[PDB]
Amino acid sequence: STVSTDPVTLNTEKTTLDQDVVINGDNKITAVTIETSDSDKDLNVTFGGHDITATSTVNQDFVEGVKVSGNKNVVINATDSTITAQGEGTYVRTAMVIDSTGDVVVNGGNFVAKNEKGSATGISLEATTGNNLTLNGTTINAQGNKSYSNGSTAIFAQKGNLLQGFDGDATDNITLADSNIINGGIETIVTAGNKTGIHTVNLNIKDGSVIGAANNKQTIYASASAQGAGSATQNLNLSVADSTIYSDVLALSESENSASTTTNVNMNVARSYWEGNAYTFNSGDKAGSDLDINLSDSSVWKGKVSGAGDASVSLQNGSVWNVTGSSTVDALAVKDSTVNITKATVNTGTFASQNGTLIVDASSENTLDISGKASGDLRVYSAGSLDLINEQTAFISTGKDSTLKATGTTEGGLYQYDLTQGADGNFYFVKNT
């Protein structure tokens, strides 16, 4: 028969889904369960193009499209299949839940989660010890209540919870290869409570992947929390290659009763476009957070970075940082690359430039403010202005032991202006007559 209205189990004895699955009700649902544990080697499962839909109005229980359990590796062949978890309820609707301790490779598939009342999550990684998850050509579309900041999560990777802190260490290796997150963010979180919780996520976004859209920016959210004797470390190693990301990146660290909590975000962006803002946020005396942002191989970043945590930005290989709002970092390094500050001021502690380029708007007051040591060589450009340039605007300010060499020319009214170092060490555009 074409459609099962009963839940289906796939396992070593039945690796093929052979009908659509459509479950409706007012109770908990798991429409399809993949049990890997009796597989002698890996398990290879095919959905045969069939769709899977779980819809429930249950308020305080879970709605799941697919659940993957057991302890063997599985490959899920989901090409042309749509896996849906939906229906209005307080508890989260999740298109696919993974508590298997084995690897999970997903080939294709469209994972959809909808919940207008509570949260919706595309894929949740819930193995106690962490999972390897690979998405090849997969699509995720999570739409919860937008009244909630965390309401729509494409990929949810949390260790621990409020009831029981997470005691131990876990690594989730998450790869998006030519995959598309249409809606929902990515959350990589450890809630240690009073335990010692250590969570490392290696998030690889590669080979033509897309997150969000210009008018639909998502959030990549990394968070660590702990209390008292507890301790929490959240590492997010975010590698982006040949891809397009419309997403903020948040590092949040939340400590109570002097528990040490650290959120370390390490971003490498290669041949990619990233549109979105980076933030650090520390709550509590012993909370620390950091952002290490490196653009290489002709990458473009359009966004801003701020927060009370530590942030470092490095650009190489003709990369561009197009600054969209006031930004503050500890350190900015530019090699054969461009920072465009036509629209906003960058504040940095240190600055190092090697064949670097600064784009300014000579008619604005958007400047490069370096509080500490600036070094190297920088070319400064501005489009011509119909109006004269303010010769008292320090378009580059430096701190001490600064050895930066900065040059450039622009046009203001009928005059040429030359970037000139003043007696104060800062750089100003000076009318050349």
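So that there is no doubt, residue numbering starts at 1 and follows the sequence shown.
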Selected stretch [higher average CA B-factor]: 123-131 or 182-190: 123-131
Mean B factor on CA atoms, stretches 252-260 and 353-361, record says higher is 252-260
Highest Cα temperature factor in the entry, among the options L378, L386, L368, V66: which one is it? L386
Looking at the entry's B-factor column for C-alpha atoms only, identify whether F166 ranks in the lowest, middle or highest third of its chain. middle
Among the modelled residues of its chain, the C-alpha B-factor of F111 falls in the third labelled lowest
Among modelled residues of the same chain, the CA temperature factor third for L10: lowest
Please place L43 in the lowest, middle or highest third of its chain according to the CA B-factor in the PDB entry. highest
Can you work out whether the C-alpha temperature factor of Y148 puts it in the lowest, middle or highest third of the chain? highest
